[PDB]
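**Student:** Order-wise, the sequence lines are chains A and B.
The opening residue of the first sequence carries number 25 in UniProt numbering; numbering runs sequentially from there.
With UniProt numbering applied, the second sequence corresponds to residues 38 to 56, 124 to 493, in that order.
C-beta atoms are modelled at their ideal positions from N, C-alpha and C, and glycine is treated no differently.
Sharing a structure, written as structure tokens. Questions coming.
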Amino acid sequence: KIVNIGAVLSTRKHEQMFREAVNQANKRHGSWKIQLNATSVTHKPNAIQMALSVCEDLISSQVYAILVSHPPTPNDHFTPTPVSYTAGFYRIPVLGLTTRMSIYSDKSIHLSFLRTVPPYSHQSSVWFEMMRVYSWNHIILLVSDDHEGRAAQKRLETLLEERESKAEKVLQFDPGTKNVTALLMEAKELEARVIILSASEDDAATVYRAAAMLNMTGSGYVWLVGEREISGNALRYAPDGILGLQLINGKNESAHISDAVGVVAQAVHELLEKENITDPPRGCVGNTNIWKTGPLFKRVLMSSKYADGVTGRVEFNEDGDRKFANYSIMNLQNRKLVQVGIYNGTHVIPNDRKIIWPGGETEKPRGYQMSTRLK
Amino acid sequence: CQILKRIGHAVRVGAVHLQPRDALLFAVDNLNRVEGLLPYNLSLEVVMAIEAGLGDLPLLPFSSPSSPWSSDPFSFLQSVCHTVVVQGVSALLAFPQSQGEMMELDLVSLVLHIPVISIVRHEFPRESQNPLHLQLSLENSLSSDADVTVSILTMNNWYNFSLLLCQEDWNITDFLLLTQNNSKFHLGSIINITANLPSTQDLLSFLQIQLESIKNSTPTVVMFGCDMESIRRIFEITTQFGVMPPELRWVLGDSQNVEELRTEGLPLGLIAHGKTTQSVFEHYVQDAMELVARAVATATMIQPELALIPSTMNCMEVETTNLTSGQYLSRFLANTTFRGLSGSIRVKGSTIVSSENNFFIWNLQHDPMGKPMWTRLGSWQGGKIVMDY
């Protein structure tokens, strides 16, 4: 039998690294009846033209699994979308190394797909403990009108409902907003000064610009943001000591490809040992029916767990959401982010370096404002 | 005026067969003979894009061995695009007999920027999310038929129910899933009528034992995958020992044809369910043509200029248009839903054309002459059942 691992990557360096990893997988694996083949698909700069290229190359070659690469643009869900659409329901799951979008996790479209990295909402499951550890009896949330933002808000609400907390108020912002100071006006009415918001740099930049003039970044006020707005154009007016979160190994495309190849090497050996081991469908249009090996292949693939790759502790399961990933917390100090906290994906293990609250406060802020004007 | 004169005040629909002319002609005649189907006095016409070259339509029967289709799809796509441009077909109707043919039709529709609806006998796993191409399945999901039977469980208030299977390989998964949806109903003993019994005395004894067991357990019984002869034999065996209504309620969980549902030999008060009519490919073609005409009329009511003239004026040159005529028609088609000849056709997931067939439920009760006869209890559409009386 011939086993081919098609991959859609950008630049010749990624293709060469993938080919080298595929070649080394054959030597690192004891299988002798299974050969490793390397295929490179350049990122076509056309959504319509990608389908024909994928069908005539990936589908025709009958390769096993398709690798997706991050789009060259800073934020564009086009490169992984064609990969997930061309070979979505054809019993050929597609692996995305940097699929951090929270929308593509409900399995409504392109069911046979997996995420090699946790989404932005996934860190929310670790944020609640980060909120639980640092007191934070009452906090205020702001979610933009985005699918990823809505999913993150739902995950945070589910996490908070364990302790029966309504998170005070959650302001429904919108993407592309340039002036949310008036909407933030109702935020000043809330006694709690903890702001938890997960949006793009465009939506966060306006809020950051409006807060400083509103004196909302002073002592006793805590602003919490995600990794998407941690870096980018939103950091121009970000107050110092902003409690942001970052994910370790966030740009190790070669390491992710190597880990995927290592997982596939064992997956192929596991799959080629049972009855009804049908070959992958052949041809772009030659196939006229769904593959016989359907859910069994996906179940076998989503069951491996070993100490492989730089990240290690690969336990991909459930709908395909990564878990137990290293998180680096860096606080902006004079427009410079220095990693001061390390979370092993289970509990916070911050370094000995101290943390200063926004606006020039070294003490731990309190999110309570009593002595209100009772009427 | 200008749009009607340019397009001839007629709407053309393309028909391409990979390997239905009478059905298409009947659909066109039905659409044209009905007033109000299209606005601005638009008449429906059908244009066939066959593999043959350009030429006058000859009324001579030609019998020659057609060669297999070439492996190159570029020539076929170019020919289809040229035919669409020449005929100005708003929608191209495909008849793919395989998933590869359906994918080729979808690719042709995407290249030509026109909506293509492909008729398929059975639904297939579609991975493409392009809204331009749609697939209409002639055969609906079997669970919907069970949804009729479960409708009885949702209308007859028979919490205690039993299932009788004349075959071991019956697809009772749909019926079980439908019954387990509501907690009001309950599932009783399962009756399996094995066909391997050599002696009829043993079968009669087993039937009597099952009837005695289910008399004090469930007042309603549903037959799943029971043939007409098998159901008649079971009813006769039950009536031999005196097991008749209203001691137990008899329901046909499987599809039952009206023609073959003979009144004689059935117990009084028995309940049967069946399709309103035999949904032939002609009925599906007529429903698809009616939906296409309605979508074209809706598009012309807002943008007659774009609806009349397709935006794909070049078979090789593609224009970067944010909203084309094909997308404009596809939006209306996804927003289109009507009660067709083969059933209520609607759009699910913006990519599936689902034709929910109206299931008629009838009860074998007293007729005007006093003999047993099938009285239509009611009709169910989309899972909602309304009694006739």
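Counting only runs of 4+ residues fully inside the region 223-304 of chain B, write out the alpha helix (DSSP H) ranges in chain order.
**Tutor:** Taking only runs of at least 4 residues, the alpha helix (DSSP H) segments lying wholly in the region 223-304 of chain B are 246-257 and 277-285.
**Student:** List, in chain order, every chain A residue whose beta-carbon is nearer than 8 Å to that of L214 (chain B).
**Tutor:** Residue numbering aside, residue 214 (chain B) sits at position 110 when the second sequence is read from its first letter. The contacting residues are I72 and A75.
**Student:** Pull up the distance between the alpha-carbon of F340 (chain A) and that of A258 (chain A), whole angstroms please.
**Tutor:** Against the first sequence, residue 340 (chain A) aligns to sequence position 316. Against the first sequence, residue 258 (chain A) aligns to sequence position 234. Approximately 32 Å, taken between the alpha carbons.
**Student:** Mind checking if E421 (chain B) is an interface residue toward chain A, Cβ cutoff 8 Å exclusive?
**Tutor:** Residue numbering aside, residue 421 (chain B) sits at position 317 when the second sequence is read from its first letter. Chain A contact via Cβ: absent.
**Student:** Using a Cβ-Cβ cut-off of 8 Å, state whether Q344 (chain B) counts as contacting chain A.
**Tutor:** Position 240 of the second sequence, counted from the first residue, corresponds to residue 344 (chain B). Not an interface residue.
**Student:** Let me confirm a value: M240 (chain A) is counted as buried when at least 16 other C-beta atoms fall within 10 Å, else exposed. Which label applies?
**Tutor:** One-based indexing of the first sequence puts residue 240 (chain A) at position 216. Its Cβ being crowded by 16 or more others within 10 Å, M240 (chain A) is buried.
**Student:** Out of A:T122, A:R124 and A:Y128, which has the shortest C-alpha to C-alpha gap to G112 (chain A)?
**Tutor:** Here residue 112 (chain A) is taken as the residue at index 88 of the first sequence, counted from 1. That would be A:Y128, whose Cα lies nearest to the Cα of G112 (chain A).
**Student:** Quick one: what's got a C-beta closer than 6 Å to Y367 (chain A)'s C-beta in the same chain, skipping five residues either side?
**Tutor:** The residue you call residue 367 (chain A) lines up with position 343 of the first sequence. Excluding positions up to five away in sequence, the list reads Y351.
**Student:** So the beta strand (DSSP E) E460 (chain B) belongs to, where does it begin and stop?
**Tutor:** In the second sequence, residue 460 (chain B) corresponds to position 356, counting from 1. Segment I456 to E460, the beta strand (DSSP E) holding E460 (chain B).
**Student:** Taking the C-alpha atoms as reference points, what is the distance between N358 (chain A) and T140 (chain A)?
**Tutor:** For the purposes of this step, residue 358 (chain A) is taken as residue 334 along the first sequence, with counting starting at 1. For the purposes of this step, residue 140 (chain A) is taken as residue 116 along the first sequence, with counting starting at 1. Roughly 34 Å between the two C-alpha positions.
**Student:** I'd like the list of long-range same chain contacts for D170 (chain A), defined as Cβ closer than 6 Å, with 5 residues on each side in sequence excluded.
**Tutor:** On the first sequence, position 146 is the one that residue 170 (chain A) refers to. Excluding residues within five positions, the ones whose Cβ falls inside 6 Å are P199.
**Student:** Threshold first: 4 residues or longer. Then list the alpha helix (DSSP H) segments lying entirely within the region 374-425 of chain B, N to C.
**Tutor:** Runs of the alpha helix (DSSP H) inside the region 374-425 of chain B: 385-406 and 408-412.
**Student:** Got a sec, what are the start and stop residues for the beta strand (DSSP E) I353 (chain A) sits in?
**Tutor:** The residue labelled residue 353 (chain A) in the question sits at position 329 within the first sequence. Looking at the DSSP string, the run of the beta strand (DSSP E) that includes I353 (chain A) is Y351 to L356.
**Student:** Can you find at least 3 beta carbon pairs, one from the region 124-138 of chain A and one from the region 184-203 of chain A, that sit closer than 8 Å?
**Tutor:** In short, these stretches do not touch, since the Cβ pair count stays below three.
**Student:** Using Cβ-Cβ distances below 9 Å, what residues of the region 227-255 of chain B are close to chain A?
**Tutor:** Against chain A - using a Cβ distance shorter than 9 Å - the residues of the region 227-255 of chain B are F228, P229, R230, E231, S232, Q233 and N234.
**Student:** Within the chosen definition, does the region 332-349 of chain B reach the region 429-436 of chain B through at least 3 CB pairs nearer than 8 Å?
**Tutor:** Contact between the region 332-349 of chain B and the region 429-436 of chain B is absent, because fewer than three Cβ pairs lie under 8 Å.
**Student:** Quick check on the burial criterion: 16 or more other C-beta atoms within 10 angstroms. Buried or exposed for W354 (chain B)?
**Tutor:** Start at 1 with the first residue of the second sequence, and residue 354 (chain B) comes out as number 250. The residue is buried, with at least 16 neighbouring Cβ atoms inside 10 Å.
**Student:** If you draw a straight line from the alpha carbon of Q469 (chain B) to that of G292 (chain B), how long is it in whole angstroms?
**Tutor:** One-based indexing of the second sequence puts residue 469 (chain B) at position 365. One-based indexing of the second sequence puts residue 292 (chain B) at position 188. Each residue's alpha carbon lies about 26 Å from the other.
**Student:** When you compare the CB positions of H162 (chain A) and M125 (chain A), do they come within less than 8 Å of one another, or not?
**Tutor:** The residue given as residue 162 (chain A) occupies position 138 in the first sequence. The residue given as residue 125 (chain A) occupies position 101 in the first sequence. Against a cut-off of 8 Å, the Cβ pair of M125 (chain A) and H162 (chain A) comes out as no contact.
**Student:** Starting from the beta carbon of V309 (chain A), find every residue of chain B whose beta carbon is closer than 7 Å, and list them in chain order.
**Tutor:** Within the first sequence, residue 309 (chain A) is the residue found at index 285, counting from 1. Under the 7 Å cutoff, chain B gives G204, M207 and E208.
**Student:** List the endpoints of the continuous alpha helix (DSSP H) containing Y392 (chain A).
**Tutor:** Position 368 of the first sequence, counting from 1, holds the residue named residue 392 (chain A). Element bounds for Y392 (chain A): n/a, residue is neither H nor E.
**Student:** Name the DSSP bridge partner or partners of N61 (chain A)?
**Tutor:** Along the first sequence, one-based indexing puts residue 61 (chain A) at 37. Note: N61 (chain A) sits in a beta bridge opposite A:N28.
**Student:** What does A111 (chain A) reach in chain B if we use C-beta pairs closer than 9 Å?
**Tutor:** Counting from 1 along the first sequence, the entry for residue 111 (chain A) is found at position 87. Going along chain B in sequence order, the residues near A111 (chain A) (Cβ under 9 Å) are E231.
**Student:** Counting only C-beta atoms, is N350 (chain A) closer than 8 Å to chain B at any point?
**Tutor:** Counting from one through the first sequence, the residue named residue 350 (chain A) turns up at place 326. No, because no Cβ of chain B sits closer than 8 Å to the Cβ of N350 (chain A).
**Student:** Whose C-alpha, out of B:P476, B:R125 and B:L268, is nearest the C-alpha of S334 (chain B)?
**Tutor:** Sequence index remark: in the second sequence, residue 334 (chain B) carries index 230 (1-based). Selected option, being the one with the closest Cα: B:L268.
**Student:** Does DSSP put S175 (chain B) in a helix, in a strand, or in coil?
**Tutor:** As a working note, residue 175 (chain B) is residue 71 in the second sequence. Reduced to three states, the DSSP call for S175 (chain B) is coil.
**Student:** Anything in chain B within Cβ reach of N313 (chain A), meaning under 7 Å, just list it in chain order.
**Tutor:** Position 289 of the first sequence, counted from the first residue, corresponds to residue 313 (chain A). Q203, listed in chain order.
**Student:** Considering only their Cβ atoms, is the gap separating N467 (chain B) from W484 (chain B) smaller than 8 Å?
**Tutor:** Sequence index remark: in the second sequence, residue 484 (chain B) carries index 380 (1-based). Sequence index remark: in the second sequence, residue 467 (chain B) carries index 363 (1-based). Cβ atoms of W484 (chain B) and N467 (chain B): not closer than 8 Å.
**Student:** Hey, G30 (chain A) and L76 (chain A): beta-carbon distance below 8 Å or not?
**Tutor:** In the first sequence, residue 30 (chain A) corresponds to position 6, counting from 1. In the first sequence, residue 76 (chain A) corresponds to position 52, counting from 1. Contact flag unset, no.
**Student:** Please work out which residues of its chain come closer than 7 Å, Cβ to Cβ, to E364 (chain B), disregarding the five sequence neighbours upstream and downstream, and give them in chain order.
**Tutor:** By 1-based counting over the second sequence, the position of residue 364 (chain B) is 260. Within the same chain, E364 (chain B) has close Cβ partners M332.
**Student:** I'd like to confirm something about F442 (chain B): is its beta-carbon nearer than 7 Å to some heavy atom of the ligand NAP, or not?
**Tutor:** Only the bare structure without any ligand can be found here, which leaves the ligand NAP out of the picture.
**Student:** Using the three-state DSSP reduction, which class does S483 (chain B) fall into: helix, strand or coil?
**Tutor:** Translated into the one-based positions of the second sequence, residue 483 (chain B) becomes position 379. Note: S483 (chain B) maps to strand in three-state DSSP.
**Student:** What are the residues of the region 125-147 of chain A that lie near chain C, defined by any Cβ-Cβ distance shorter than 8 Å?
**Tutor:** Of the protein chains in this structure, namely A and B, none is chain C.
**Student:** Once DSSP output is grouped into helix, strand and coil, what is the label at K388 (chain A)?
**Tutor:** Position 364 of the first sequence holds residue 388 (chain A). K388 (chain A): coil per DSSP, three-state reduction.
**Student:** Of all Cβ atoms in chain B, is any one closer than 8 Å to the Cβ of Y114 (chain A)?
**Tutor:** The sequence position of residue 114 (chain A) within the first sequence is 90, counting from 1. With 8 Å as the cut-off, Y114 (chain A) counts as an interface residue toward chain B.
**Student:** Which residues in the same chain have their Cβ closer than 6 Å to the Cβ of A49 (chain A), if we skip the five residues on either side of it in sequence?
**Tutor:** One-based indexing of the first sequence puts residue 49 (chain A) at position 25. Around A49 (chain A): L60, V285 and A289.
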